[PDB]
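J.: If you scroll down you'll find the structure; I have some questions about it.
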Amino acid sequence: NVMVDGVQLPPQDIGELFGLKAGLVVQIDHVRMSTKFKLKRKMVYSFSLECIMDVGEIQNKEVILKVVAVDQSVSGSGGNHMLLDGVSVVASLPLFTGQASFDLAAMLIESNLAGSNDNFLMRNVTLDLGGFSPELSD
């Protein structure tokens with residue numbers, strides 16, 4: 001729902017972006033992830049598997065976040081056992097299911113919204129994904 005390209009270049013600011021994030025305009029949120037790993041094997045072999053995640057969540061007022069639906073799509077070079085282990089660990093990781101190990105620190109937004117300044121308020125978030133089982137490749 002592209003509206004950030006119009007507010008990415010004016011910072012050259014980030015404080016205005018934080019103030020904008022501070023009626024309510026709390027709409028849905030779209031998360032994109034490309035998590036690449038190098039799952040190896042016991043025998044002499046190797047594999048590189050990356051998973052793309054498109055998450056349809058709901059923005060939160062102040063606390064963490066709110067999620068509606070998720071979606072997963074694996075890819076890369078890897079055997080059946082490699083992708084099986086990867087889809088097993090990505091569903092049972094310290095990620096969103098649990099403490100979510102979310103390092104927000106106003107850093108990912110600073111990469112998306114290009115900026116080199118901070119406003120002393122990180123306002124970290126935490127995903128609450130449902131727990132779907134996208135393990136239908138095998």
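Following the order of the structure tokens, chains are lettered A, B, ..., residues in each are numbered from 1, and ligands are numbered from 1.
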Residues of stretch 26-108 of chain A that have any atom at most 7 Å from an atom of stretch 117-128 of chain A: could you tabulate them with the shortest-distance atom pair and the distance in Å to one decimal, using only C-alpha atoms, ordered by chain and increasing number, as a tab-separated table?
T.:
residue	atom	partner	partner_atom	distance
A:64	CA	A:125	CA	4.3
A:65	CA	A:126	CA	5.9
A:66	CA	A:128	CA	6.3
A:67	CA	A:128	CA	5.7
A:96	CA	A:127	CA	5.3
A:97	CA	A:128	CA	7.0
A:100	CA	A:126	CA	6.3
A:102	CA	A:126	CA	6.2
A:104	CA	A:124	CA	4.9
A:105	CA	A:122	CA	4.6
A:106	CA	A:122	CA	4.8
J.: Tell me, which residues of chain A carry DSSP strand (DSSP E), written as a PDB file with N, CA, C and O atoms, in the first residue's frame?
T.:
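See selection.pdb below for the written result:
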ATOM      1  N   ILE A  28      -3.996  -1.365   8.266  1.00  0.00           N
ATOM      2  CA  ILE A  28      -3.281  -2.636   8.238  1.00  0.00           C
ATOM      3  C   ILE A  28      -1.807  -2.401   7.918  1.00  0.00           C
ATOM      4  O   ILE A  28      -1.393  -1.325   7.472  1.00  0.00           O
ATOM      5  N   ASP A  29      -1.004  -3.436   8.156  1.00  0.00           N
ATOM      6  CA  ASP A  29       0.434  -3.395   7.945  1.00  0.00           C
ATOM      7  C   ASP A  29       0.858  -4.607   7.129  1.00  0.00           C
ATOM      8  O   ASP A  29       0.278  -5.691   7.254  1.00  0.00           O
ATOM      9  N   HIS A  30       1.875  -4.413   6.294  1.00  0.00           N
ATOM     10  CA  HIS A  30       2.385  -5.448   5.406  1.00  0.00           C
ATOM     11  C   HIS A  30       3.863  -5.654   5.703  1.00  0.00           C
ATOM     12  O   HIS A  30       4.659  -4.715   5.588  1.00  0.00           O
ATOM     13  N   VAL A  31       4.226  -6.875   6.083  1.00  0.00           N
ATOM     14  CA  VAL A  31       5.589  -7.217   6.466  1.00  0.00           C
ATOM     15  C   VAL A  31       6.188  -8.113   5.392  1.00  0.00           C
ATOM     16  O   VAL A  31       5.535  -9.048   4.916  1.00  0.00           O
ATOM     17  N   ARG A  32       7.434  -7.831   5.020  1.00  0.00           N
ATOM     18  CA  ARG A  32       8.156  -8.612   4.025  1.00  0.00           C
ATOM     19  C   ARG A  32       9.464  -9.095   4.632  1.00  0.00           C
ATOM     20  O   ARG A  32      10.203  -8.305   5.225  1.00  0.00           O
ATOM     21  N   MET A  33       9.745 -10.385   4.487  1.00  0.00           N
ATOM     22  CA  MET A  33      10.968 -10.960   5.027  1.00  0.00           C
ATOM     23  C   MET A  33      11.576 -11.912   4.010  1.00  0.00           C
ATOM     24  O   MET A  33      10.855 -12.647   3.333  1.00  0.00           O
ATOM     25  N   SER A  34      12.903 -11.891   3.905  1.00  0.00           N
ATOM     26  CA  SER A  34      13.654 -12.803   3.040  1.00  0.00           C
ATOM     27  C   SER A  34      14.762 -13.407   3.899  1.00  0.00           C
ATOM     28  O   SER A  34      15.880 -12.888   3.943  1.00  0.00           O
ATOM     29  N   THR A  35      14.447 -14.507   4.577  1.00  0.00           N
ATOM     30  CA  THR A  35      15.360 -15.131   5.528  1.00  0.00           C
ATOM     31  C   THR A  35      16.112 -16.249   4.817  1.00  0.00           C
ATOM     32  O   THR A  35      15.518 -17.268   4.452  1.00  0.00           O
ATOM     33  N   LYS A  36      17.411 -16.055   4.609  1.00  0.00           N
ATOM     34  CA  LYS A  36      18.249 -17.014   3.903  1.00  0.00           C
ATOM     35  C   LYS A  36      19.184 -17.711   4.882  1.00  0.00           C
ATOM     36  O   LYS A  36      19.795 -17.066   5.740  1.00  0.00           O
ATOM     37  N   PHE A  37      19.292 -19.033   4.747  1.00  0.00           N
ATOM     38  CA  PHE A  37      20.135 -19.850   5.603  1.00  0.00           C
ATOM     39  C   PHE A  37      20.954 -20.795   4.734  1.00  0.00           C
ATOM     40  O   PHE A  37      20.700 -20.956   3.536  1.00  0.00           O
ATOM     41  N   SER A  48      21.702 -23.953   0.247  1.00  0.00           N
ATOM     42  CA  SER A  48      21.338 -22.590   0.612  1.00  0.00           C
ATOM     43  C   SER A  48      19.853 -22.403   0.346  1.00  0.00           C
ATOM     44  O   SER A  48      19.413 -22.472  -0.807  1.00  0.00           O
ATOM     45  N   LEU A  49      19.084 -22.157   1.404  1.00  0.00           N
ATOM     46  CA  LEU A  49      17.632 -22.069   1.302  1.00  0.00           C
ATOM     47  C   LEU A  49      17.158 -20.743   1.872  1.00  0.00           C
ATOM     48  O   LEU A  49      17.477 -20.406   3.014  1.00  0.00           O
ATOM     49  N   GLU A  50      16.389 -19.998   1.086  1.00  0.00           N
ATOM     50  CA  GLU A  50      15.823 -18.734   1.530  1.00  0.00           C
ATOM     51  C   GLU A  50      14.303 -18.803   1.472  1.00  0.00           C
ATOM     52  O   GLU A  50      13.730 -19.368   0.538  1.00  0.00           O
ATOM     53  N   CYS A  51      13.658 -18.230   2.481  1.00  0.00           N
ATOM     54  CA  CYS A  51      12.208 -18.230   2.596  1.00  0.00           C
ATOM     55  C   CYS A  51      11.708 -16.795   2.574  1.00  0.00           C
ATOM     56  O   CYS A  51      12.231 -15.941   3.299  1.00  0.00           O
ATOM     57  N   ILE A  52      10.706 -16.532   1.738  1.00  0.00           N
ATOM     58  CA  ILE A  52      10.053 -15.231   1.680  1.00  0.00           C
ATOM     59  C   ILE A  52       8.751 -15.306   2.465  1.00  0.00           C
ATOM     60  O   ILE A  52       7.973 -16.261   2.320  1.00  0.00           O
ATOM     61  N   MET A  53       8.524 -14.299   3.303  1.00  0.00           N
ATOM     62  CA  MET A  53       7.367 -14.226   4.184  1.00  0.00           C
ATOM     63  C   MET A  53       6.651 -12.912   3.921  1.00  0.00           C
ATOM     64  O   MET A  53       7.248 -11.841   4.066  1.00  0.00           O
ATOM     65  N   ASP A  54       5.385 -13.000   3.523  1.00  0.00           N
ATOM     66  CA  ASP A  54       4.517 -11.843   3.338  1.00  0.00           C
ATOM     67  C   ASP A  54       3.413 -11.919   4.387  1.00  0.00           C
ATOM     68  O   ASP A  54       2.531 -12.781   4.311  1.00  0.00           O
ATOM     69  N   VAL A  55       3.470 -11.018   5.364  1.00  0.00           N
ATOM     70  CA  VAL A  55       2.609 -11.057   6.540  1.00  0.00           C
ATOM     71  C   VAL A  55       1.618  -9.906   6.457  1.00  0.00           C
ATOM     72  O   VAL A  55       2.016  -8.738   6.374  1.00  0.00           O
ATOM     73  N   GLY A  56       0.329 -10.240   6.471  1.00  0.00           N
ATOM     74  CA  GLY A  56      -0.719  -9.245   6.590  1.00  0.00           C
ATOM     75  C   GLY A  56      -1.175  -9.086   8.026  1.00  0.00           C
ATOM     76  O   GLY A  56      -1.961  -9.897   8.532  1.00  0.00           O
ATOM     77  N   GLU A  57      -0.681  -8.049   8.697  1.00  0.00           N
ATOM     78  CA  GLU A  57      -0.966  -7.799  10.099  1.00  0.00           C
ATOM     79  C   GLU A  57      -1.759  -6.502  10.236  1.00  0.00           C
ATOM     80  O   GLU A  57      -2.088  -5.840   9.251  1.00  0.00           O
ATOM     81  N   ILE A  58      -2.053  -6.128  11.478  1.00  0.00           N
ATOM     82  CA  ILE A  58      -2.743  -4.880  11.786  1.00  0.00           C
ATOM     83  C   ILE A  58      -1.845  -4.045  12.685  1.00  0.00           C
ATOM     84  O   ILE A  58      -1.344  -4.538  13.702  1.00  0.00           O
ATOM     85  N   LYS A  66      -0.547  -6.321  15.916  1.00  0.00           N
ATOM     86  CA  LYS A  66      -1.676  -7.230  15.772  1.00  0.00           C
ATOM     87  C   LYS A  66      -1.590  -7.876  14.398  1.00  0.00           C
ATOM     88  O   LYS A  66      -1.302  -7.198  13.410  1.00  0.00           O
ATOM     89  N   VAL A  67      -1.830  -9.184  14.334  1.00  0.00           N
ATOM     90  CA  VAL A  67      -1.651  -9.938  13.100  1.00  0.00           C
ATOM     91  C   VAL A  67      -2.965 -10.597  12.707  1.00  0.00           C
ATOM     92  O   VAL A  67      -3.769 -10.988  13.560  1.00  0.00           O
ATOM     93  N   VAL A  68      -3.179 -10.721  11.396  1.00  0.00           N
ATOM     94  CA  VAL A  68      -4.349 -11.406  10.860  1.00  0.00           C
ATOM     95  C   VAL A  68      -3.917 -12.680  10.146  1.00  0.00           C
ATOM     96  O   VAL A  68      -4.340 -13.781  10.517  1.00  0.00           O
ATOM     97  N   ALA A  69      -3.071 -12.550   9.125  1.00  0.00           N
ATOM     98  CA  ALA A  69      -2.694 -13.710   8.331  1.00  0.00           C
ATOM     99  C   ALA A  69      -1.224 -13.617   7.954  1.00  0.00           C
ATOM    100  O   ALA A  69      -0.629 -12.538   7.946  1.00  0.00           O
ATOM    101  N   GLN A  72       4.021 -18.125   3.601  1.00  0.00           N
ATOM    102  CA  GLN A  72       5.409 -18.537   3.473  1.00  0.00           C
ATOM    103  C   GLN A  72       5.657 -19.109   2.085  1.00  0.00           C
ATOM    104  O   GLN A  72       4.775 -19.728   1.485  1.00  0.00           O
ATOM    105  N   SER A  73       6.874 -18.898   1.580  1.00  0.00           N
ATOM    106  CA  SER A  73       7.280 -19.508   0.313  1.00  0.00           C
ATOM    107  C   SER A  73       8.782 -19.767   0.385  1.00  0.00           C
ATOM    108  O   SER A  73       9.580 -18.826   0.370  1.00  0.00           O
ATOM    109  N   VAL A  74       9.156 -21.041   0.486  1.00  0.00           N
ATOM    110  CA  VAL A  74      10.559 -21.435   0.521  1.00  0.00           C
ATOM    111  C   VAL A  74      11.116 -21.345  -0.893  1.00  0.00           C
ATOM    112  O   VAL A  74      10.357 -21.192  -1.857  1.00  0.00           O
ATOM    113  N   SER A  75      12.439 -21.407  -1.023  1.00  0.00           N
ATOM    114  CA  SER A  75      13.119 -21.434  -2.313  1.00  0.00           C
ATOM    115  C   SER A  75      14.600 -21.659  -2.049  1.00  0.00           C
ATOM    116  O   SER A  75      15.060 -21.615  -0.905  1.00  0.00           O
ATOM    117  N   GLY A  76      15.345 -21.889  -3.121  1.00  0.00           N
ATOM    118  CA  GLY A  76      16.780 -22.071  -3.040  1.00  0.00           C
ATOM    119  C   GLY A  76      17.181 -23.506  -3.333  1.00  0.00           C
ATOM    120  O   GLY A  76      16.354 -24.376  -3.610  1.00  0.00           O
ATOM    121  N   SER A  77      18.489 -23.738  -3.249  1.00  0.00           N
ATOM    122  CA  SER A  77      19.071 -25.038  -3.566  1.00  0.00           C
ATOM    123  C   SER A  77      19.135 -25.869  -2.291  1.00  0.00           C
ATOM    124  O   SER A  77      19.813 -25.492  -1.329  1.00  0.00           O
TER     125      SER A  77
END
J.: Output as a tab-separated table one row per residue of stretch 56-122 of chain A within 12 Å of stretch 40-46 of chain A: the closest atom pair and its distance in Å to one decimal place, counting only C-alpha atoms, sorted by chain and residue number ascending.
T.:
residue	atom	partner	partner_atom	distance
A:76	CA	A:46	CA	11.6
A:77	CA	A:46	CA	8.8
A:78	CA	A:46	CA	7.7
A:79	CA	A:46	CA	9.2
A:80	CA	A:41	CA	11.4
A:81	CA	A:41	CA	8.8
A:82	CA	A:40	CA	7.3
A:83	CA	A:40	CA	10.5
A:85	CA	A:40	CA	10.2
A:86	CA	A:40	CA	10.4
J.: Just C-alpha atoms for this one: save the residues we selected as a JSON list (two decimals), in the first residue's frame.
T.:
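Okay, selection_13.json is ready:
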[["chain", "number", "residue", "atom", "x", "y", "z"],
["A", 76, "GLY", "CA", 16.78, -22.07, -3.04],
["A", 77, "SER", "CA", 19.07, -25.04, -3.57],
["A", 78, "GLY", "CA", 18.42, -27.87, -1.12],
["A", 79, "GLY", "CA", 17.42, -31.50, -0.78],
["A", 80, "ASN", "CA", 14.13, -32.73, 0.61],
["A", 81, "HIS", "CA", 15.61, -33.37, 4.06],
["A", 82, "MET", "CA", 17.22, -29.91, 4.07],
["A", 83, "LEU", "CA", 13.97, -28.09, 3.30],
["A", 85, "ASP", "CA", 14.52, -29.40, 8.56],
["A", 86, "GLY", "CA", 14.29, -25.74, 7.55]]
J.: Give me, as a list in words, all polymer residues having an atom no more than 9 Å from residue A:14, counting only C-alpha atoms and skipping those fewer than 2 positions away in the same chain.
T.: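 With the cut-off at 9 Å, the set is residues 8, 10, 11, 12, 16, 17, 18, 19, 110, 113, 114, 115, 116, 117, 118 and 119 of chain A.
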J.: Could the residues in this selection be written to a file with C-alpha atoms, as a PDB file, in the first residue's frame?
T.:
ATOM      1  CA  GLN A   8      11.502   8.638   2.346  1.00  0.00           C
ATOM      2  CA  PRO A  10      12.226  14.437   2.412  1.00  0.00           C
ATOM      3  CA  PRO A  11      14.470  13.244   5.276  1.00  0.00           C
ATOM      4  CA  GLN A  12      17.843  14.620   4.184  1.00  0.00           C
ATOM      5  CA  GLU A  16       8.644  14.193  11.450  1.00  0.00           C
ATOM      6  CA  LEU A  17       8.115  10.519  10.598  1.00  0.00           C
ATOM      7  CA  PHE A  18       8.157   9.597  14.294  1.00  0.00           C
ATOM      8  CA  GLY A  19       5.695  12.388  15.056  1.00  0.00           C
ATOM      9  CA  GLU A 110      15.597   3.536   9.500  1.00  0.00           C
ATOM     10  CA  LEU A 113      12.706   5.089   5.758  1.00  0.00           C
ATOM     11  CA  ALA A 114      16.242   6.156   4.856  1.00  0.00           C
ATOM     12  CA  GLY A 115      17.567   8.142   7.802  1.00  0.00           C
ATOM     13  CA  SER A 116      20.652   8.541   9.971  1.00  0.00           C
ATOM     14  CA  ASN A 117      19.085   9.967  13.134  1.00  0.00           C
ATOM     15  CA  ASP A 118      17.184   8.764  16.193  1.00  0.00           C
ATOM     16  CA  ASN A 119      14.520  10.304  18.431  1.00  0.00           C
TER      17      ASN A 119
END
J.: Could you work out how far atom CA of residue A:22 lies from atom CA of residue A:130, giving the answer in Å with one decimal?
T.: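 Those two atoms sit 27.4 Å apart.
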J.: Which of chain A end up as alpha helix (DSSP H) when DSSP is run on this backbone - answer as an MDAnalysis selection string?
T.: chainID A and resid 5:8 14:20 80:90 108:112
J.: Between A:5, A:136, A:13, A:131, which has the minimum distance to residue A:70 (counting only C-alpha atoms)?
T.: A:131
J.: Calculate how many Å separate atom CA of residue A:101 from atom CA of residue A:132, rounding to one decimal.
T.: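 Going from atom CA of residue A:101 over to atom CA of residue A:132 covers 19.0 Å.
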